Every structure is written in structure tokens, then in C-alpha cells.
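Asker: Below you'll find the structure I mean.
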Amino acid sequence: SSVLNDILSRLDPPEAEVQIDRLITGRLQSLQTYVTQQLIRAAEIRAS
Amino acid sequence: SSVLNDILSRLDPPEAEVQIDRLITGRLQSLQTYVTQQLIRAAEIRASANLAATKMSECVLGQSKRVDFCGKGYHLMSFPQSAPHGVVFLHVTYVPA
Amino acid sequence: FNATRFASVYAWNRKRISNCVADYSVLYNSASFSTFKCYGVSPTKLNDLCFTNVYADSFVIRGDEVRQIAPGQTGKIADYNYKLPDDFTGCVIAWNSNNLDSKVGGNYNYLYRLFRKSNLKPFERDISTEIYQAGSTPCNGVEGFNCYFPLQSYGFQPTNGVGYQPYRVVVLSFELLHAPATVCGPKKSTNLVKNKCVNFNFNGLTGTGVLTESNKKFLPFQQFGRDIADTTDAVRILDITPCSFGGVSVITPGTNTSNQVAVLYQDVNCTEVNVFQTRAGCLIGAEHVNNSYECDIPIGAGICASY
Amino acid sequence: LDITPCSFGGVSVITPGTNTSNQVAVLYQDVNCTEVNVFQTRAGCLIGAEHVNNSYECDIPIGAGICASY
Amino acid sequence: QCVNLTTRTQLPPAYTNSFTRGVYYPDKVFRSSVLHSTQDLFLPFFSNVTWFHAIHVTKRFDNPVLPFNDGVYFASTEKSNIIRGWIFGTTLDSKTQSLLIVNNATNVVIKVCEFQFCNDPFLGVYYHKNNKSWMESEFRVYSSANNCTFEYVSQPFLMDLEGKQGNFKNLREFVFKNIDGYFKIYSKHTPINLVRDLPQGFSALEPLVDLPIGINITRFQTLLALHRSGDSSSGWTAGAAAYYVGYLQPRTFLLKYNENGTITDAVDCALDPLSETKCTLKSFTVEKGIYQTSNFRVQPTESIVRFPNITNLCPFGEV
Amino acid sequence: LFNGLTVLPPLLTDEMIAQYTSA
Amino acid sequence: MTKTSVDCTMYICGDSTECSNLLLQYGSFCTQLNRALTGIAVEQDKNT
Amino acid sequence: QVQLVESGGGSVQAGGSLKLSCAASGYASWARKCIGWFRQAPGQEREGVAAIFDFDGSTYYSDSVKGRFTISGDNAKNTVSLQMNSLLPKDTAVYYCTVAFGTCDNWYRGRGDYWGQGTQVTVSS
Ligand SMILES: *[C@@H]1O[C@H](CO)[C@@H](O[C@@H]2O[C@H](CO)[C@@H](O)[C@H](O)[C@H]2NC(C)=O)[C@H](O)[C@H]1NC(C)=O
Ligand SMILES: *[C@@H]1O[C@H](CO)[C@@H](O[C@@H]2O[C@H](CO)[C@@H](O)[C@H](O)[C@H]2NC(C)=O)[C@H](O)[C@H]1NC(C)=O
Ligand SMILES: *[C@@H]1O[C@H](CO)[C@@H](O[C@@H]2O[C@H](CO)[C@@H](O)[C@H](O)[C@H]2NC(C)=O)[C@H](O)[C@H]1NC(C)=O
Ligand SMILES: *[C@@H]1O[C@H](CO)[C@@H](O)[C@H](O)[C@H]1NC(C)=O
Ligand SMILES: *[C@@H]1O[C@H](CO)[C@@H](O)[C@H](O)[C@H]1NC(C)=O
Ligand SMILES: *[C@@H]1O[C@H](CO)[C@@H](O)[C@H](O)[C@H]1NC(C)=O
Ligand SMILES: *[C@@H]1O[C@H](CO)[C@@H](O)[C@H](O)[C@H]1NC(C)=O
Ligand SMILES: *[C@@H]1O[C@H](CO)[C@@H](O)[C@H](O)[C@H]1NC(C)=O
């Protein structure tokens, strides 16, 4: 899924931990992406 | 373990090759990050250096009818001096009263 | 391991083991047993590592369930008798004793449990004998139906089959109990040295570099302190330091002139590998001069170069 | 019935500097500090301050018009 | 034999301050002029603790039953070595394997055993008026011990046991923890010249030993001593002495080390939000301005489930 | 011109940035 | 521009207690990505 | 829910040896009872034949069975067996699995006792 509370409410920790260990590995990648698109667009606006 | 060696001397290649498969993932995604935050800044300086390169080409080496570019007031001159990791410009001006 | 009698999975006996050593490879290279499955560590590596103690744990089950002896593995016994964590470390040892424990009739000795209100946390034994209750009405204590005594007797037969052949189990804990090290493997000590980059295993900790004298103080318990990043820099006396890591830049007139070249070495003291030192390191293949020019090839810190 | 997430947000700590003093004020980003002296703003709620109707130059900017000082 | 000392005045308890005590080196690591946030069980600052009275005057004897939930900070102010050790466990009646850590006129005495710890343990000195001398003469704490596992001892010694006059001069502070089936003990010994309070300032509880007992303590009592010179349960003197009580809890702390491997200051990321940001930046001094620490979230209540108006029930009665 | 995505108010407002200009 | 800030956790955790135990396993990203944004948030107010 | 799978019934000459059985499986012994049988008669009621403490050696035996029959079972295999040795002709009746409860004496009454359908066992001659 993309929903956490469920993933916990369907399994036991061991995979419930790796399942979550992946979900993470893209979000942080999702965030760092937005960020690096928010620094630049915040650098440019400076030159303005 | 966030150490390598304690893994190299504790386990055998294959799982040591699935774990090290991870500790790499971070020691990179921590770097590609750093480079950026340390690349970007490497430009902000430039647009903060060139500007500082223009002054010692406009304000120091000469006079400029521009306001707020060679300091506050009708510019008259601009004596520069140094810094550890930057420049300083001392602007002399004309303040009426 | 040679212990004649073994306690029961519901009273699984356990023992601390420190102030000692273990030529473990035997337990591996005896091969006399069925399973020596080793999580956490590498069975073929337990000679160089070491620890401060070992919670030696021994119980007995049917080979049918030694598979139940697995962290995060579900098993009634593994659920209500003996629990492992999700992050265990150690090795599981278990072996048949049909030859040593069986007798005609079903050896009614080795008692074992069935039910519980909850699953045991890791290493959380339970000896309880209270009457298990499945009926809302508490028997308080007349066993029978919906009011239960909790344990049953394997009663192993001289003939019983493999999954019912009784296999003795011993379980070892090596939980990286690092603060002091007291229980360790077989190894031959060696003579300390200084001022030379040398690999090392100080009380189980691998590194490398140079070994120079400490000046600070520790306390009668302290074994080592780490500077930041959790990087040890002293052990038992000594302070630590890496051995030089430097960079390599090659300098030239450009090929079209020559093939002769210069060697750059960064942030280093070239006594420590003609010659020339700077605030940039040291240079092999050029000459420091007293003349004065314009900068064609920069090194740094004032030192350029050309023909 | 409409659904809504019960309030969330962030904490900010207001300090002139331990090199001056210890006192501190609390900011809860964009909230009505009924849901928890007092002070309300378009930045949230500022606790540990005095709503002074004067005017002064800025030292510690909260937002929406309010700085704070010592 | 178990005798119930009495003539003990009853009195509610007292309470007092926690001016930066109950801190300790959590690990066996060393550091220099570095700041490290070691998340672990510690004491919460400027919180409350307990007082108890052992004063001559009453006789106001305090040696009750108390809990060992997740941590302890026991204090001793003395002039004559009044506090002599501890008795821990869960039942104390020789049923469950219990613990004691004891310091008698000759020996530290340390036994993890099934003593029958009964109502009113104590140790009693005997004082000789013919020749000025105090002497251990009395130990009546337990009654039965059949089977037990571990104990430990030191080399014997000689102890004062004599009662001095004046104000409290020695600050003793001990520790008791249960984890990893071990029992984590640290300590410190600092001298003071106070009269009646717990001093202020900082102090760094160095470690001593971690007893590997793998038992399940739940409550305990302490071991000071008594003097004599009335009846078995009336004829005794207490001696000027008082202890203090702290309970340890998991709190995000930060420890100021030195060029030495020593501790001189520490702070708490949870006590008073001022400190909370003091970690967010990781220092003990903050510079003028706003700083963003945490996130606020309410937590819910009255969880509910409300399914279609049932109001049409499977016709069982019609069956 | 919600699930963790907040926003901040600025140190200057429309009426305050408007006055600067007027000035 | 609009000063955007994001609680590094609620994105990754969605109000579990479990997840938080894990994202702390991934480093101090809950620390960086904030500064990397604030550095924009205040800069702008200065840009003005 | 407590069933008693019987085995070994039928006719048999007077004076033989045999093994009848009673088994319960998948049941998760709660926790250990005594287990045995009774013997009703085409004209007469059942008789207290024996008992044996589930997963335990302790047992009971009837005066008749106590000499030429032995009740033996395997909880691993989840059964019991009263060895039909010497097969007295009087052993001419249907024999019934009997679930004694947590206590071994209680069976002596046998009223609440659980049962198997009953293996008819006539010892012919
Ligand atoms: C103090 O008195 C209490 C009772 O008030 C004693 O506790 C009794 O101990 C005996 C055996 O030691 C038991 O048979 C009683 O049931 C206990 N009474 C209660 C109320 O629990 C205690 O032992 C006495 N301690 C002394 C005399 O040192
Ligand atoms: C303090 O406790 C220790 C331990 O019980 C006592 O030492 C023992 O004393 C008995 C009786 O005199 C001897 O039989 C043992 O050999 C001693 N064991 C040792 C010294 O390890 C000691 O006597 C106690 N102190 C006092 C004052 O009684
Ligand atoms: C430590 O001992 C306490 C007893 O004080 C245990 O808590 C009891 O647990 C039983 C379950 O077996 C409950 O029936 C009791 O109601 C509990 N009472 C109390 C006061 O806690 C606790 O489980 C023990 N823990 C360990 C690890 O041994
Ligand atoms: C290089 O090492 C030598 C060792 O004798 C030392 O004297 C010299 O100062 C070093 N160079 C430096 C510190 O630049
Ligand atoms: C900061 O504290 C020091 C303490 O020695 C003091 O001398 C100094 O004046 C303080 N700074 C300010 C700005 O007050
Ligand atoms: C600020 O508010 C107070 C009331 O609390 C009022 O008395 C005062 O006049 C106000 N200041 C102004 C209007 O400048
Ligand atoms: C601590 O608890 C006591 C209870 O006796 C209470 O009186 C006191 O206010 C609390 N707080 C402090 C700081 O003592
Ligand atoms: C440790 O601190 C003391 C001050 O109490 C000082 O005298 C000593 O020099 C320090 N340690 C070292 C190695 O200097």
C-alpha cells in the first residue's frame, strides 16, 4: 500500500518493518526532490 | 552496525554483501545531497562575488553616479581592504545637512 | 553440552559464561549434531571476535520444531514457550537424543506447555502452573473442560519417528556486550608497536593506522573513548591516529613539449612516504627557487610551476 | 458531517539570548491557544509576552507584523 | 528472630528538590570537549523527591517498603556511617530470589538469595560505656534461605560505627537499575558541610559495577543501622541520618564533557521548552532570535464506530 | 493566490508593504 | 515566494510511533531538510 | 468435542492376546487426564476396566484386565491401547472408550465420562 496504519494492521513486525523500510526509501527521495526544486526556485527569485 | 569493519570481521561476504548493499545507499544519498547544498552555495557566492567584483571595478577604481551601489550618498570614492574569506569596501560619500 | 540431563522447554535452563575462552570451531567441525545454524555472526569466524559473556541456553524439543527456533518465526512453543527477538544474534545448536533419552512406553519426563493468554517476549521464560481458562466462568480450579492444566508430556518412544524423535537444543547468546571484553576466542597475543601504520585487533575491534602514546586519562572501567562519528581513538596505553591519506595531482608542461612530469602530494609531509614542501604538501620532481614570475600552473599556497 | 484533522503545527522558541537572560516565550504556529499571559496573532499564539500597543523597531520577528524584544 | 521495633512516631512524608542530581555516565565511553545527546534513562530535573527522618530528637524510624519501578536515586547524609546498604526484590519473604547490597562493620556483603526478609529488618550496634566503643551486635533481617544462585564479597575491613555530633558532613549518592538482566550500579561520594537539605551544584555519577543477576525486582527497602545502650523493639537509638529518593525516567539529555573525560554540565530537551530548543541547536547557550523546536499535535479521544442504522435485524426469533 | 505541509506568514504584510511604497 | 515548511516526520510516519523509530534509523534527515527550507524562508523576508 | 476413536473390537476365542486402541489427536492435551475404558454387558452395565494418566505412567486397571490386559498409549501418536492378552471369554461385550477427566480417581465414578461409540468385543471360545 501507500497507507501505513493498515500495513501494520495486517502483518507482523518483520515484514511490516521492511514494507515500511521501502515506503521510506522513496519519500525521503520524494522530499529531497521537492527541496532541490525549492532551493533553486528560491535562488532564482533572489536574483530577481 | 554503522561501521564497516565490525561487519567485515563478523559475517561472511554474501549477507555482508546485502548489508553493505545498504550502508552504501546512505553513504551516497548523504553525499549526492551534500554536493548539491555545496554546489548551490558555490553559485550564490559567485552572484555574491561577481557583484563584489563589479564594485572593485566601478566603485573603487572610479566614481559612479549610481545610488546604493557604491554606498549611501553621492559617491566620492571607495577605499577597499581585505578579509579572511571575503572583501570589504569602505565607501566615502556626501551627506548634506 | 555434555550435561547428562537437560531442563525443559518451559523451564529451559540457561547459564552465563564469562572469564573463559571457546575453541568454537570444534562445535562446527565436530559435525556430530544436526543443526549449528548461526544467525548474527559467521560460525567460521568466532575465533577472532569476542565478548564479555555468553548466556548459554539449553532446552529440548522435537526436531519437528527446531525450525520453530528462529527469530520472528511463529510456533506455539515459539509463541508460548520460548521467544526470540526480531533482532537476535547467536547460533542455535540442537541434536537428537533418541539414543540417550528414549525408552519403551514414552519417556513421560520432559514436560511442555500448550496455552497462554499472551506470547512471551524474547528470553521471557514462563514456568506458570495456573490452570488455563477458556471459559468465561473461572474454575478458580477443577480441571476438565473450559478449565485447563496447560502442559503435556511428549513421552518419546524408542521407535518414534524423526519429527517425533527427541532432539536436544542449546542456544548461545553473544549479544555484542561490548563495554568490557572477558569471554574471547582462541588467538595468540602479539607485541605492540608504535609510530608505524599497523592493522590491529584490540579486544575485538578492527582498525588500522599509527599507535602513539596517550596523554589523557580514563577511569578504572573505561576501555576506550571515541571522538565524533563514533570513531575510537584510544584503547588498552595509547591514543590512535590514522596513517596518511593524501591526494595525487600530476603536473606537466603539456604533452606537446615533453613527457617529464611532476608529482603533487596533498596535506602530507613527504618525509612520510629531489623534494619540496609547501602549505599544499610536498612535491617530487621540481625545485623551489628564488626568482619571481607569473603563475602558469598553480599548486596552491603560493607555489606555481612551469618550464 | 464534515471531517477535519485536529490541530497540528510547530513550536518556536523566543529568546533574546542566554547572554542576556533566561525568559522565553512560546509560539504555536497558526493555532488558537484556546486549544492547548496570552497573545493572539495571525502567526499563531504567543505565550509569555505582553501585548504592548507601542511601536518599536524589529529584533525578533514572529510574523504578520509582530516582533518581540526585551 | 523478627521483632517489631516500635515507639516509632507516625508522620506524613516530606518532599524536596532535584537541583540537578540523578545524572550518570550512561556508557563506558570517553569523550573530550564534545557534546553528546545520549538518549537513556536519567532523572528529570527540578522535580520532587522524598525525605525521610532518622533523628535522635519520636525516634521517627524510617525503613519502609518502597518500589523499584525503573530507577532509583538514593541519598545519604551522615556523620557516622549511618547508611549501610539495601534489600531489594519483589516479595522479600524468601519466596522469590531477592537481592541485598550490604556494608557491615567488617565487610561489604552482596548476595542474590532467597532471604526471608520480614517486617522490620535492621542492624544494631552495641556501645560500651565502660570503654568508649561502638560495636556491631545485632543483625535480624531475614529468617530463611533455602536455595540461591549468586553472592559476592570483598576483603574485610574495619569501620568506625561511632556516633559523632555536629551537622551533616558527607554527601553520599548511589544508584540502582535493572536492565538486560543485569543491575546497573553507579555512584558518587561528595563531601558537604550542610545542616538540613540536599545541596546544589552538579556532580557526575561515575560507574562502579553492573550486577548480572537476571531477576525481576519490583520493590525494596534500605539498610541503615541502629544503636543501643529499653526492649528488643523499644530499646534502641536511631542516630542523625536522612536519605532522599529519586526515580529515573527516559529523557533526552545532553552532556557537557571537558578536555578531561569528565562531566560538568548537562541539560534536558524535555524539561522546560527553553532547554528543548537548547538541543534543537545542540548547545548550552543560544543566540538572540526565534528557533523552531518541535511539532504540536493534539491526541484524540472517544474513539467510535457507527455503522448503518441497524434497525433491520436478521429474523432469528422467526426461527 | 495540511498533512504535514504547512505555511508561514511573512514578516511584512500587504498593508505594511503598501505603506513603504506610499512612503 | 511562499515560505514552505514541512514536518519531516508526519510525511514519513503519518502519526505512528513505529515509523519514528525507523526514520531515526535513516540519519538526521529530519534535521537537514528543515534548515534547507528555513534558509529559504528567512532569506525571502530579507529579500523583501 | 472430546472424541474417543476406538479400535480392536470384534469376537475372539477365549484365551488370546490383542491390542485395542483409543486415540484423540489435534486436541492439544488440556493438559493430561487418565485414559482407559469400561465394559458394559449385553445384559449388564459397563465395568471399570482400567485407567492411565495421559502422558503419564500412572494408571488404573480392573481386576480382570489387570492380569491379562495392559492399557498403553502414545500422546505423540495420540492413542491408547489395552492389550487384549489372554482374551478371557467373559470378554464378550462391546468395549467403550472412556475419557477420564483431569483427575484419575474421578473416572472410578465414570458418570460424566466421555466415551467412544463402543467396540463390541466378544471373546468367543
Ligand atoms: C510485626 O507484626 C506483623 C503483624 O502485625 C508480623 O507479620 C506476621 O508474621 C507472622 C509470621 O512471621 C504471620 O504468621 C502473620 O500472619 C503476620 N501478620 C500479618 C498481619 O501479616 C511480623 O512478622 C512482625 N515482625 C516482627 C515481629 O519483626
Ligand atoms: C560481615 O559479613 C561477613 C559475611 O557474612 C562476615 O564474615 C563472615 O563471618 C563469619 C562469622 O564470623 C565467618 O565464619 C566467615 O568466615 C566470614 N566470612 C568472610 C569474612 O568472608 C562478617 O563477620 C560480617 N561482619 C560482622 C561484624 O559480623
Ligand atoms: C515481575 O514481577 C511482577 C510481580 O510484582 C510481575 O507482575 C505480575 O505479573 C503477573 C503475571 O504472571 C500478574 O498476574 C500480576 O498481576 C503482576 N503483578 C504485578 C504487581 O506486576 C511481572 O510480570 C514480573 N516480570 C518479570 C519480567 O518477571
Ligand atoms: C615534517 O616532519 C618533521 C619530522 O621531524 C617535522 O620536523 C616537520 O616540522 C614536519 N613538517 C611540517 C610540520 O610541516
Ligand atoms: C555575555 O556574557 C559575558 C559573561 O562573561 C559578559 O561578559 C558579556 O557582557 C555578555 N554579553 C552581553 C551582550 O551582555
Ligand atoms: C493599547 O491597548 C490598551 C488597552 O489594553 C489601551 O488602553 C491603549 O490606549 C492602546 N494603545 C494605543 C491605542 O495606542
Ligand atoms: C512533588 O510532589 C509533592 C507531593 O508531596 C508536591 O507537594 C510537590 O508540589 C511536587 N513538586 C515539587 C517540585 O516538589
Ligand atoms: C581535569 O580537570 C582538572 C580540574 O579539576 C585539571 O586540574 C586537570 O588538568 C584536568 N585534566 C587534564 C588532563 O588537564
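Here Swiss-Prot sets the residue numbers for chain G, with the shown residues being 731-778 in order.
Recorded method is electron microscopy, 3.2 Å.
Backbone N, Cα and C atoms are what each Cβ position is placed from, and that goes for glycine too.
The disulfide bond annotation in Swiss-Prot covers G:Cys738-G:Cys760, G:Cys743-G:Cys749.
Give me the local environment of each listed feature.
Answerer: Counting only residues at least six positions away in the same chain, the Cβ atoms of G:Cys738, G:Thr739, G:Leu753, G:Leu754 sit under 8 Å from the Cβ of G:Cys760 (disulfide bond).
Cβ-based neighbour count (10 Å, all protein chains) for G:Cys743 (disulfide bond) stands at 22.
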Asker: Helix, strand or coil for G:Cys743 (disulfide bond)? Use DSSP.
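Answerer: Once the DSSP labels are grouped into three classes, G:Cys743 (disulfide bond) ends up as helix.
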Asker: Suppose we draw a 10 Å sphere around the Cβ of G:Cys749 (disulfide bond). How many other Cβ atoms does it contain, all chains included?
Answerer: 20
Asker: According to DSSP, does G:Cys749 (disulfide bond) fall in a helix, a strand, or coil?
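Answerer: Once the DSSP labels are grouped into three classes, G:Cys749 (disulfide bond) ends up as helix.
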Asker: Validating a neighbour-count step here. Other CB atoms within 10 A of the CB of G:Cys738 (disulfide bond): how many?
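Answerer: For G:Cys738 (disulfide bond), the count of other Cβ atoms within 10 Å is 22.
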